[PDB]
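Structure first, commentary second.
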Amino acid sequence: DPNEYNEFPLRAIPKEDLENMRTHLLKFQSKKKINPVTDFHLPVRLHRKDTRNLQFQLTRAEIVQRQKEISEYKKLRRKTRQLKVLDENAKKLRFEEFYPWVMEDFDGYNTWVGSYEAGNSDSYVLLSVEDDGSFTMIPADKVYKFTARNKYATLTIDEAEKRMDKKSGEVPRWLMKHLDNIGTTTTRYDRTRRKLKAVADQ
Amino acid sequence: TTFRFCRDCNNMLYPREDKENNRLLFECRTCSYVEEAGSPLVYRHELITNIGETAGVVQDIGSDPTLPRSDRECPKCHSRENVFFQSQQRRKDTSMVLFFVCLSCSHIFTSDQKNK
Amino acid sequence: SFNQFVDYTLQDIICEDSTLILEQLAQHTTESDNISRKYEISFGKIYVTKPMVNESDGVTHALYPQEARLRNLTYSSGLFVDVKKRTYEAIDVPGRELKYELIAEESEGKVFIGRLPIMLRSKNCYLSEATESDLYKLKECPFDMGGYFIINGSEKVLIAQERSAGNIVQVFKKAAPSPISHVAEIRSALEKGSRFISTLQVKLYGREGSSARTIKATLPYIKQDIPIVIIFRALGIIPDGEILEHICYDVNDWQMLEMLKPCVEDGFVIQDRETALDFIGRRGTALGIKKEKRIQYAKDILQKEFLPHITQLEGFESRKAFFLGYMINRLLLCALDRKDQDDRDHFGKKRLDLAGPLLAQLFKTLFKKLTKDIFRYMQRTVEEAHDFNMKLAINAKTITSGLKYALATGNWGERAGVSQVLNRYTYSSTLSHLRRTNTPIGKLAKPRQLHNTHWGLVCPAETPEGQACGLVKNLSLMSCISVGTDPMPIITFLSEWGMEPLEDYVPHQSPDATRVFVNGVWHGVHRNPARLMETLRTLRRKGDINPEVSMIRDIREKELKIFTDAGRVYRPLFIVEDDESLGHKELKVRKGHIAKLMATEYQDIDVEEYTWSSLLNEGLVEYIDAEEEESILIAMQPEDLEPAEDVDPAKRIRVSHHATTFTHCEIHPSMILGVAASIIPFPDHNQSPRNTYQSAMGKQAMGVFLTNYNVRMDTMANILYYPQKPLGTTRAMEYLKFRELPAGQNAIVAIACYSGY
Amino acid sequence: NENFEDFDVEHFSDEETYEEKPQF
Amino acid sequence: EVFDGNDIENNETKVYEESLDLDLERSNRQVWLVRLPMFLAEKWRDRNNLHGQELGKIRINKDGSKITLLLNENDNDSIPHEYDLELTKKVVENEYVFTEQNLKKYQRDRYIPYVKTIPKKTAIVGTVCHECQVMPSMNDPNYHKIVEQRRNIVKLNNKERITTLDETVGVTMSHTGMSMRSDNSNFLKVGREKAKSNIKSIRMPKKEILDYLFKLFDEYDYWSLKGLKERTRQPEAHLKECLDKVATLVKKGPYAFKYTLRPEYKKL
Amino acid sequence: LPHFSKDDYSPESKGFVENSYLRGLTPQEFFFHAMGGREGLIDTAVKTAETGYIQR
Ligand SMILES: [Zn+2]
Ligand SMILES: [Zn+2]
């Protein structure tokens, strides 16, 4: 057979450097291109944290700002019970995915919360391109779909239940543009930026 | 009516009155996205409907064995063989006019003589 | 159905609740007794005996059905499960996670759990392997067909119960005074789980004249009808464009987007998944969840209760969201008058529970009660420090008495008339009773009329004249009921032959993709459904796919529905192929196959055995149910409607349909009739009420119901002295054994006004 | 007892129809 | 590795030697997301295989960017070795690969310093721009070996029929209900392991038992009948005759239903 | 019936029995006549029950 092409060899990953780490899949849900090397403020932080009661957590820049400022300031029992039998794998998956993956940049411009996808994660194999053109085969175990959260200044749910109620009339079409003009419950990026510019002016 | 969605957060746009130009501009309620309306029509409601009568026409509509075949003349390619069906909208007051699909060029032509 | 239940369903019911674990806590006041125990009783393989009976004195012997009828016994066989016992111990150190280990008390051990009544001539029955001389030795009539039980000496037949099919999206128009215009409801049901039925109703509020027409869905364990956009956001789909993409699959269908606009305007300020889950979490009917946990509670509602027939596991929110969008799409298609409302009397949307599924659910309930009793006794023994006896733990009388009571009485629980005493007036009466179905009647449909879809599946004229008219139906001669197969091999084959999964399905990039449904579950889309349908049809016609599986391609709405479940009524039909040698459509069965069939038949009264399954495996015949009957064109006769086209004036006028695109042919039209109507000579020359009256009164005739009536002590029995086979006879009654066990006499009859008497 | 398909109307039995329509 | 979230004490420096920042230097690597059939996913994901050995070669014909896989012969012989890598998307957007590695535990404006964040090492393995699917080639002689195997998928049954006991029914029913065979299993013999403990004691004299009661009261002021009985190994009748003289039970205090020393002897 | 093509409003498609009882019904005509007879029997039973109610 003539050699008019580039026959790059394919090799598998050894099993010795597969234990104690897992190679998941990252997927955004947006109409525009998302790039952590350009569109994200370095350093980026992706942790399996709780999404419960969001918009009340400060980002890593304000965390290290608070650390710096506090460093400156300081210096009959039931005998038997029923046990429902359950499979070990689904219990481990539920315990792992009780908290979702949340990735935020340094200033909180892009906060993405990932959701586990169980569709065809077992049939996904990643072919990574090496420096010499070779291909390395990686078994992908889990697929996560990430949706941007608190990007357009979303509102809380306690006020929303009032808006479902018929005690209030028709919901105005530009109600929370007025709230954005007021400056209450904005995105995490602006909330961190206000404190960042307040500390820097001192 | 051609519903349009925001290019940033993929939510649908709504018309806004502006006093600076007095033009029709579509505004996103979520991320304050502005774009210019390509048509002054913002809402349309039909009481009698002519779309959905040819619903279900696909590239292999002739593969259906239950569809009746006719020998009518296709006025695009002059083929005798074709399938036909009635109006697919299930209104009680719809007409019994036949729609014919040619199996050679996939052309829709009706048996309506009032329209023709 | 009974052989499927005994061979496979019993083990499934055992394995669904096999493990029973009781954790005994340490309950230690001091650290001397910091050990916790965990006792596990697990059921294994289930074994069934041959039919047997234990007497008073304890001697147990093989029971034959002749003895069970005479001695008023129950023709039953014992069930023995393998039980393994596990004892685990863990050092109860607070804070440290408990790690249990075996103490090597793994004692295991067949234990008797009850007596299953055995249907006669089933695989467990003694009469299945018996020859004709063996049946005569056992004083059993060889003309007796089985299909019934012997409960306390009474012959009990299980009437097939007709129900609506599960996991089907049905859209209905509500009344004008109701504030809801249309309701798309689904009775979501699962087979390999807890067998719980969940009703999900997606309702379009407001009438046609109203403007604020919103769509709200009734989630289980939620008191208020949640708007659909909030459910979509709670399923992880936040932006409004993706929700309308999941609901409306055509970007040019602007009217459906108009009718979706008040819905997205309704739940507008909810723009987060957590806020939507909170909104669902407000209306939880448990009313006992704290502040931080309702989210998880809402997720529980969206994982184990909202559409359970799709999945019960986590990470499958996309498929549930797509199916919700599909239901809203069907609802709005009915609301826009693009499609009519679903016919509730369509026989393809019905299922027939035979002796398999009825005994399956009864045994599931009884085994759940038995496992609860085992756990209660085990808890009592460990708490009150008594000794544990396995003979006291498993009360076999629970299973035995439950099956015996639900078969002796018509009551099916703890539905009446399910079990009936078998009619033994004539042979055709018994045959008609064994193929009888029942439809339980509080709906707004018309279940009493003979539907179009009843062709070839139930008899057009065989029904009682009373209050059960139209509700009690009798199967046609060739109609059969599918016993149900596993959909997982078909799902795997579809996924491995090009069906794109529903996770990565974008409707706008793939507008021509065909939705693929397996047992009412949307599993994905296919770009080239004609090739897929051809491959699936070839696999079914060569026997790789079970022939009971129904495969429907709806080309208009771009759907591919595959049904493998039980209860589907099908009938066999000839296969019509292209046949390029003759240049026109022709039946695949030829004169050589007919000659082979007659050679096998006359061998039965040395060459190769050519049977019905040989016709099935070669693709000459096919099984078609009422759903698949909607997408095919059937020729009535082969020699008239297949080949391309003076007449006898005495013959009836018959049209040839003027169309040659047939896919199937009727085997014979006379097989639309049931057992009782097949006795009628020239029923096409009768008025139809007269055929119904004769189908009723043929069961009241006198003949020889069985040839062993001399050794049967039936309560009432009527035997003619001199039965005669009819001079005018149908072909079909040759298979009804009417010329062997006749029910009348050929009387010389004058039609005359002789004396006024 | 018996099993007959000879439809014999139960007489003075209109309470079946009375229970069919108790709401007006 | 469970850990508290929103920690402003910088405790992660002491307990985690590895940095918590996401590694991004590998994000420039090109990753092909490939979907495999049942056999290639079965033999390309097992842990008893894949020791780093080469599994094939990738040929990219640049006339029409046609991608083929030429598998090595070391795996099987019945399977094909020539495959077509079809690309359903030449450019894949918003898809990356991130990996997670466990840490080393050894050596409005309103905020709450507790969010329950699990710290895990994260690193982007690369960027995905090609969604791939591997089809068996039409011209391979082993391609039918796949198809029949696929035809073997729908043909075999994963469930076996019930087992019928073919022996005499009396032998089967010998173990059922009324049987001479006493149970020899030791599962939940709670009465065996609890009724074997019997306490026997004598009428040991009054001075030594009152001294023993005083020793236990000096060790702890509050005791009960059962604990004192197992501590001193005396009969209940003899122990009760000595308790009421020098001690009393609490009827309404927080330490009720317990025998404690009398207030007259409490100061002693 | 599945033996007719879609949208067939011919008399033989929608239930016209051109044959007499002497000449015998075609199978489609047999089934349509069976539907008519079933409707007649249902109407007879319903009419008898409701008229007994009305008479009482
Ligand atoms: Zn926007
Ligand atoms: Zn044409």
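Each chain in the structure tokens gets a letter, A, B and so on, in the order shown; residues start at 1 in every chain, and ligands are counted from 1 in the order they appear.
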Q: Check which residues fall inside 10 Å of ligand 1 when counting only C-alpha atoms and all ligand atoms, and print them as number ranges by chain.
A: A: 151-152; B: 5-13, 27-34; C: 239-240
Now that the selection is made, can you save its residues with N, CA and C atoms as a PDB file, in the first residue's frame?
ATOM      1  N   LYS A 151     -25.854  34.521  35.585  1.00  0.00           N
ATOM      2  CA  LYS A 151     -25.191  35.296  34.547  1.00  0.00           C
ATOM      3  C   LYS A 151     -25.965  36.544  34.148  1.00  0.00           C
ATOM      4  N   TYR A 152     -27.295  36.507  34.220  1.00  0.00           N
ATOM      5  CA  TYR A 152     -28.133  37.639  33.848  1.00  0.00           C
ATOM      6  C   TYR A 152     -28.929  38.165  35.040  1.00  0.00           C
TER       7      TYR A 152
ATOM      8  N   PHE B   5     -35.084  34.762  19.389  1.00  0.00           N
ATOM      9  CA  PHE B   5     -34.505  34.505  20.697  1.00  0.00           C
ATOM     10  C   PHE B   5     -33.213  35.293  20.854  1.00  0.00           C
ATOM     11  N   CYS B   6     -32.841  35.529  22.110  1.00  0.00           N
ATOM     12  CA  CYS B   6     -31.627  36.269  22.413  1.00  0.00           C
ATOM     13  C   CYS B   6     -30.392  35.479  21.996  1.00  0.00           C
ATOM     14  N   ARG B   7     -29.381  36.201  21.518  1.00  0.00           N
ATOM     15  CA  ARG B   7     -28.144  35.567  21.087  1.00  0.00           C
ATOM     16  C   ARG B   7     -27.185  35.295  22.237  1.00  0.00           C
ATOM     17  N   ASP B   8     -27.501  35.754  23.447  1.00  0.00           N
ATOM     18  CA  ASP B   8     -26.634  35.568  24.604  1.00  0.00           C
ATOM     19  C   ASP B   8     -27.130  34.474  25.541  1.00  0.00           C
ATOM     20  N   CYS B   9     -28.388  34.549  25.970  1.00  0.00           N
ATOM     21  CA  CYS B   9     -28.940  33.606  26.931  1.00  0.00           C
ATOM     22  C   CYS B   9     -30.025  32.714  26.346  1.00  0.00           C
ATOM     23  N   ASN B  10     -30.337  32.866  25.054  1.00  0.00           N
ATOM     24  CA  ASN B  10     -31.322  32.051  24.333  1.00  0.00           C
ATOM     25  C   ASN B  10     -32.707  32.106  24.980  1.00  0.00           C
ATOM     26  N   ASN B  11     -33.127  33.311  25.347  1.00  0.00           N
ATOM     27  CA  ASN B  11     -34.502  33.573  25.743  1.00  0.00           C
ATOM     28  C   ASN B  11     -35.169  34.430  24.677  1.00  0.00           C
ATOM     29  N   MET B  12     -36.488  34.312  24.576  1.00  0.00           N
ATOM     30  CA  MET B  12     -37.202  34.984  23.500  1.00  0.00           C
ATOM     31  C   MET B  12     -37.272  36.490  23.732  1.00  0.00           C
ATOM     32  N   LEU B  13     -37.282  37.227  22.628  1.00  0.00           N
ATOM     33  CA  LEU B  13     -37.264  38.678  22.646  1.00  0.00           C
ATOM     34  C   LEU B  13     -38.680  39.235  22.575  1.00  0.00           C
ATOM     35  N   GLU B  27     -36.195  43.425  22.618  1.00  0.00           N
ATOM     36  CA  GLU B  27     -35.427  43.516  23.845  1.00  0.00           C
ATOM     37  C   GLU B  27     -35.498  42.177  24.561  1.00  0.00           C
ATOM     38  N   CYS B  28     -34.365  41.739  25.099  1.00  0.00           N
ATOM     39  CA  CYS B  28     -34.331  40.566  25.960  1.00  0.00           C
ATOM     40  C   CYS B  28     -34.633  40.975  27.394  1.00  0.00           C
ATOM     41  N   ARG B  29     -35.566  40.270  28.034  1.00  0.00           N
ATOM     42  CA  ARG B  29     -35.905  40.577  29.418  1.00  0.00           C
ATOM     43  C   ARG B  29     -34.856  40.108  30.412  1.00  0.00           C
ATOM     44  N   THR B  30     -33.876  39.314  29.984  1.00  0.00           N
ATOM     45  CA  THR B  30     -32.922  38.708  30.906  1.00  0.00           C
ATOM     46  C   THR B  30     -31.601  39.467  30.967  1.00  0.00           C
ATOM     47  N   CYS B  31     -30.924  39.620  29.830  1.00  0.00           N
ATOM     48  CA  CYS B  31     -29.574  40.170  29.814  1.00  0.00           C
ATOM     49  C   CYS B  31     -29.489  41.489  29.055  1.00  0.00           C
ATOM     50  N   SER B  32     -30.622  42.182  28.893  1.00  0.00           N
ATOM     51  CA  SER B  32     -30.690  43.523  28.300  1.00  0.00           C
ATOM     52  C   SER B  32     -30.102  43.563  26.890  1.00  0.00           C
ATOM     53  N   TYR B  33     -30.441  42.567  26.079  1.00  0.00           N
ATOM     54  CA  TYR B  33     -29.972  42.501  24.703  1.00  0.00           C
ATOM     55  C   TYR B  33     -30.952  43.215  23.780  1.00  0.00           C
ATOM     56  N   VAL B  34     -30.413  44.024  22.872  1.00  0.00           N
ATOM     57  CA  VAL B  34     -31.205  44.861  21.979  1.00  0.00           C
ATOM     58  C   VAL B  34     -30.910  44.447  20.545  1.00  0.00           C
TER      59      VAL B  34
ATOM     60  N   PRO C 239     -32.826  27.894  29.710  1.00  0.00           N
ATOM     61  CA  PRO C 239     -33.204  28.904  28.711  1.00  0.00           C
ATOM     62  C   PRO C 239     -34.493  28.562  27.983  1.00  0.00           C
ATOM     63  N   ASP C 240     -35.196  29.617  27.566  1.00  0.00           N
ATOM     64  CA  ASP C 240     -36.513  29.450  26.965  1.00  0.00           C
ATOM     65  C   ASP C 240     -36.428  28.879  25.557  1.00  0.00           C
TER      66      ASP C 240
END
**Q.** Exercise answer, chain B residues close to chain F, 9 Å and only C-alpha atoms, as a PyMOL selection string
**A.** chain B and resi 65-69+84-86
Q. Given a cut-off of 8 Å, which residues of chain D touch chain C, counting only C-alpha atoms, written out as a list in words?
A.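 Putting it all together, I get residues 3, 4, 5, 6 and 7 of chain D.
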Q: Please write out the residues within 12 Å of ligand 2 as a list in words, counting only C-alpha atoms and all ligand atoms.
A: residues 71, 72, 73, 74, 75, 76, 77, 78, 79, 80, 81, 82, 83, 100, 101, 102, 103, 104, 105, 106, 107, 108 and 109 of chain B
I need the chosen residues saved as a PDB file, in the first residue's frame, with N, CA, C and O atoms.
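Written output follows (selection32.pdb):
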ATOM      1  N   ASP B  71     -53.425   8.524 -10.928  1.00  0.00           N
ATOM      2  CA  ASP B  71     -52.808   8.643 -12.244  1.00  0.00           C
ATOM      3  C   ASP B  71     -52.840  10.083 -12.749  1.00  0.00           C
ATOM      4  O   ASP B  71     -52.817  10.327 -13.956  1.00  0.00           O
ATOM      5  N   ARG B  72     -52.898  11.041 -11.830  1.00  0.00           N
ATOM      6  CA  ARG B  72     -53.011  12.442 -12.199  1.00  0.00           C
ATOM      7  C   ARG B  72     -51.694  12.964 -12.766  1.00  0.00           C
ATOM      8  O   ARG B  72     -50.627  12.371 -12.590  1.00  0.00           O
ATOM      9  N   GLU B  73     -51.786  14.095 -13.456  1.00  0.00           N
ATOM     10  CA  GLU B  73     -50.643  14.692 -14.133  1.00  0.00           C
ATOM     11  C   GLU B  73     -49.923  15.634 -13.177  1.00  0.00           C
ATOM     12  O   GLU B  73     -50.527  16.579 -12.659  1.00  0.00           O
ATOM     13  N   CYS B  74     -48.640  15.382 -12.948  1.00  0.00           N
ATOM     14  CA  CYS B  74     -47.829  16.280 -12.136  1.00  0.00           C
ATOM     15  C   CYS B  74     -47.467  17.515 -12.948  1.00  0.00           C
ATOM     16  O   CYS B  74     -46.790  17.390 -13.974  1.00  0.00           O
ATOM     17  N   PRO B  75     -47.883  18.714 -12.539  1.00  0.00           N
ATOM     18  CA  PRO B  75     -47.538  19.904 -13.325  1.00  0.00           C
ATOM     19  C   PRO B  75     -46.183  20.492 -12.969  1.00  0.00           C
ATOM     20  O   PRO B  75     -46.043  21.715 -12.875  1.00  0.00           O
ATOM     21  N   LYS B  76     -45.179  19.642 -12.765  1.00  0.00           N
ATOM     22  CA  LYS B  76     -43.806  20.110 -12.635  1.00  0.00           C
ATOM     23  C   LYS B  76     -42.879  19.217 -13.448  1.00  0.00           C
ATOM     24  O   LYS B  76     -41.876  19.682 -14.001  1.00  0.00           O
ATOM     25  N   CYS B  77     -43.222  17.933 -13.541  1.00  0.00           N
ATOM     26  CA  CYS B  77     -42.368  16.961 -14.206  1.00  0.00           C
ATOM     27  C   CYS B  77     -43.130  15.993 -15.098  1.00  0.00           C
ATOM     28  O   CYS B  77     -42.489  15.144 -15.729  1.00  0.00           O
ATOM     29  N   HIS B  78     -44.462  16.082 -15.152  1.00  0.00           N
ATOM     30  CA  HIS B  78     -45.318  15.284 -16.034  1.00  0.00           C
ATOM     31  C   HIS B  78     -45.160  13.784 -15.771  1.00  0.00           C
ATOM     32  O   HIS B  78     -44.816  12.998 -16.654  1.00  0.00           O
ATOM     33  N   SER B  79     -45.424  13.401 -14.524  1.00  0.00           N
ATOM     34  CA  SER B  79     -45.414  12.007 -14.105  1.00  0.00           C
ATOM     35  C   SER B  79     -46.824  11.604 -13.702  1.00  0.00           C
ATOM     36  O   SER B  79     -47.491  12.329 -12.958  1.00  0.00           O
ATOM     37  N   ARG B  80     -47.274  10.455 -14.204  1.00  0.00           N
ATOM     38  CA  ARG B  80     -48.627  10.000 -13.909  1.00  0.00           C
ATOM     39  C   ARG B  80     -48.751   9.460 -12.490  1.00  0.00           C
ATOM     40  O   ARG B  80     -49.740   9.733 -11.804  1.00  0.00           O
ATOM     41  N   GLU B  81     -47.762   8.703 -12.027  1.00  0.00           N
ATOM     42  CA  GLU B  81     -47.872   8.023 -10.746  1.00  0.00           C
ATOM     43  C   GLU B  81     -47.567   8.987  -9.604  1.00  0.00           C
ATOM     44  O   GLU B  81     -46.615   9.772  -9.677  1.00  0.00           O
ATOM     45  N   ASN B  82     -48.400   8.944  -8.566  1.00  0.00           N
ATOM     46  CA  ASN B  82     -48.315   9.831  -7.412  1.00  0.00           C
ATOM     47  C   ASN B  82     -49.218   9.290  -6.314  1.00  0.00           C
ATOM     48  O   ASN B  82     -50.138   8.513  -6.583  1.00  0.00           O
ATOM     49  N   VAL B  83     -48.950   9.708  -5.077  1.00  0.00           N
ATOM     50  CA  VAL B  83     -49.823   9.367  -3.960  1.00  0.00           C
ATOM     51  C   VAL B  83     -50.735  10.552  -3.686  1.00  0.00           C
ATOM     52  O   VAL B  83     -50.486  11.671  -4.134  1.00  0.00           O
ATOM     53  N   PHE B 100     -51.901  15.901  -3.732  1.00  0.00           N
ATOM     54  CA  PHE B 100     -51.175  14.871  -4.453  1.00  0.00           C
ATOM     55  C   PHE B 100     -49.686  15.135  -4.313  1.00  0.00           C
ATOM     56  O   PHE B 100     -49.232  16.272  -4.487  1.00  0.00           O
ATOM     57  N   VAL B 101     -48.937  14.086  -4.000  1.00  0.00           N
ATOM     58  CA  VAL B 101     -47.485  14.137  -3.940  1.00  0.00           C
ATOM     59  C   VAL B 101     -46.947  13.276  -5.069  1.00  0.00           C
ATOM     60  O   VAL B 101     -47.172  12.059  -5.089  1.00  0.00           O
ATOM     61  N   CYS B 102     -46.243  13.904  -6.005  1.00  0.00           N
ATOM     62  CA  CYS B 102     -45.541  13.157  -7.035  1.00  0.00           C
ATOM     63  C   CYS B 102     -44.381  12.395  -6.415  1.00  0.00           C
ATOM     64  O   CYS B 102     -43.690  12.902  -5.529  1.00  0.00           O
ATOM     65  N   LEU B 103     -44.177  11.166  -6.866  1.00  0.00           N
ATOM     66  CA  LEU B 103     -43.125  10.331  -6.306  1.00  0.00           C
ATOM     67  C   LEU B 103     -41.818  10.436  -7.076  1.00  0.00           C
ATOM     68  O   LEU B 103     -40.839   9.788  -6.695  1.00  0.00           O
ATOM     69  N   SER B 104     -41.780  11.231  -8.141  1.00  0.00           N
ATOM     70  CA  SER B 104     -40.564  11.451  -8.910  1.00  0.00           C
ATOM     71  C   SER B 104     -39.842  12.732  -8.524  1.00  0.00           C
ATOM     72  O   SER B 104     -38.608  12.768  -8.536  1.00  0.00           O
ATOM     73  N   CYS B 105     -40.579  13.788  -8.177  1.00  0.00           N
ATOM     74  CA  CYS B 105     -39.982  15.080  -7.862  1.00  0.00           C
ATOM     75  C   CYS B 105     -40.457  15.653  -6.533  1.00  0.00           C
ATOM     76  O   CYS B 105     -40.058  16.772  -6.185  1.00  0.00           O
ATOM     77  N   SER B 106     -41.294  14.918  -5.791  1.00  0.00           N
ATOM     78  CA  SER B 106     -41.777  15.304  -4.458  1.00  0.00           C
ATOM     79  C   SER B 106     -42.494  16.655  -4.471  1.00  0.00           C
ATOM     80  O   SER B 106     -42.316  17.480  -3.574  1.00  0.00           O
ATOM     81  N   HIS B 107     -43.315  16.880  -5.491  1.00  0.00           N
ATOM     82  CA  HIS B 107     -44.045  18.129  -5.642  1.00  0.00           C
ATOM     83  C   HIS B 107     -45.468  17.978  -5.124  1.00  0.00           C
ATOM     84  O   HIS B 107     -46.132  16.970  -5.384  1.00  0.00           O
ATOM     85  N   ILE B 108     -45.930  18.985  -4.391  1.00  0.00           N
ATOM     86  CA  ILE B 108     -47.271  19.004  -3.821  1.00  0.00           C
ATOM     87  C   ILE B 108     -48.175  19.768  -4.774  1.00  0.00           C
ATOM     88  O   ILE B 108     -47.909  20.937  -5.083  1.00  0.00           O
ATOM     89  N   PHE B 109     -49.245  19.130  -5.234  1.00  0.00           N
ATOM     90  CA  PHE B 109     -50.229  19.852  -6.026  1.00  0.00           C
ATOM     91  C   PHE B 109     -51.628  19.408  -5.634  1.00  0.00           C
ATOM     92  O   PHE B 109     -51.881  18.229  -5.389  1.00  0.00           O
TER      93      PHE B 109
END
**Q.** Proximal residues of chain C relative to chain F (only C-alpha atoms; 6 Å) as a PyMOL selection string
**A.** chain C and resi 450+460+633-635+652+684-685+688-689
